[PDB]
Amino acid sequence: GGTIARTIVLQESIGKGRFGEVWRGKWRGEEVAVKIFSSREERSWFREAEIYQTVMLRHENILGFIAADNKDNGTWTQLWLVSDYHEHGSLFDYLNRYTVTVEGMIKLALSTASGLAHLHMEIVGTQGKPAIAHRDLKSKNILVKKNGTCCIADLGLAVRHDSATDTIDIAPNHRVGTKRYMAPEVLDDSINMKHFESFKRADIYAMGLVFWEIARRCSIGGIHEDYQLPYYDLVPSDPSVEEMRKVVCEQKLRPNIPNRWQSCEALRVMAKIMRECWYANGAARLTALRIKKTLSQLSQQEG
C-alpha cells in the first residue's frame, strides 16, 4: 500500500487557506504539515503539487515539500499535500506575538529575500528550473522556522517562465492575490502580463510591505511599534480593489516610515529598501537578488 497519506495520523487543525485546509500530523515518528483538498478542488491541489515538484526548487527559505497523495476513508477521497511543519506558524503570527532584535529583523528579512531570489531565478541545465513568480506574497504566507529564519509558502498561485521561448506555463488572470498587498499596476490593471518581469516586480512591492511589518517590531532600547498590516491606517480590514486603488494609485500613499528608524543603521537600510520596492513603476524597483546582497552585506557588519 501507499507510503504517505495512508501512514499519517492527523492531530491538530491549523486552518483554512485559499483552497483546502491545513493540519499538523505525524508521519514515521515525525511531525509534518498536511494540506487537505476535496475532490472538487483537484485543480488547485494539482497546481500547488506541480509548483512544489519543480526541479531544483528546494531552498532553505522555501517550504520543504514532501509529497502529493490521496487518502480514501471508505466514503470519500481527500487530496493531500505533505510538507515540513513549522511550529511558529506564519510571519504574521510571529510578529503579532513577538518583537525582534536588530539581528532578528535582519535574519527574517534576509531569509525572505533569499527565498524570493531563488523562486525568481532561472537555473540552466538538464535539471532546468524556470523563473517563478509567487503572485500572493504576504506575511501570512511566510513561515518562521525554529532557527528564526523564514521560508516562503502558498505557491498555488505561482507562474513559471521559460526564457528561451518566452512563455508562461499558464494563462494568468488579473488580480488573483491578496488585495492589500497588490502593486499599483496590479490594482489598476495596467500590468503587462505578457512581460514576465512584471510578475517579479509585483512580488518585490509586496516584499517591501512585508519588510515594513518586520521593521515595526524591531525593538531597540525597549522602543518599537505595535503590529500592523500595511495600510492599517488607510483602508478597511478586508479592503476592496477600489479602496486600495484610491490609496495606492491615486493618493499615492505608502506605509508610514517612522523617523525613529533614521537613528539606526539597520533600520535605515531597511527603510531605503522599502522605498525602492514601492515606486509606482515596477521597472524602478530593486530585484530580489540585489536586496539579498544588500542585507547579506548588512548581516556581515552587524554580527
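Note that residue numbering follows the sequence shown and begins at 1. For the two forms, the rigid core is made up of the largest set of C-alpha atoms that agree within 1.5 Å on superposition.
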Of 163 to 171 and 132 to 140, which departs more from this form in 4 other deposited structures of this protein by CA RMS after core fitting: 163 to 171
Stretch with larger C-alpha RMS deviation in 4 other deposited structures of this protein, core superposed, 220 to 228 versus 121 to 129: 121 to 129
Selected stretch [higher average CA B-factor]: 118 to 126 or 218 to 226: 218 to 226
Residue range whose averaged C-alpha B-factor is higher in the record, 249 to 257 or 234 to 242: 234 to 242
Selection by C-alpha B-factor (highest) of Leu137, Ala171, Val144, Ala133: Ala171
Top Cα B factor in the deposited entry, candidates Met274, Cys264, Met56, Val32: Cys264
Record-listed C-alpha B factor of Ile8: chain third: lowest
Within-chain third of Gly177 by Cα B-factor, per the entry: highest
Chain thirds of CA B-factor: placement of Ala280: middle
Entry-reported Cα temperature factor of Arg97, expressed as the chain third it lands in: highest
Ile106 by Cα B-factor - lowest, middle or highest third of the modelled chain: middle
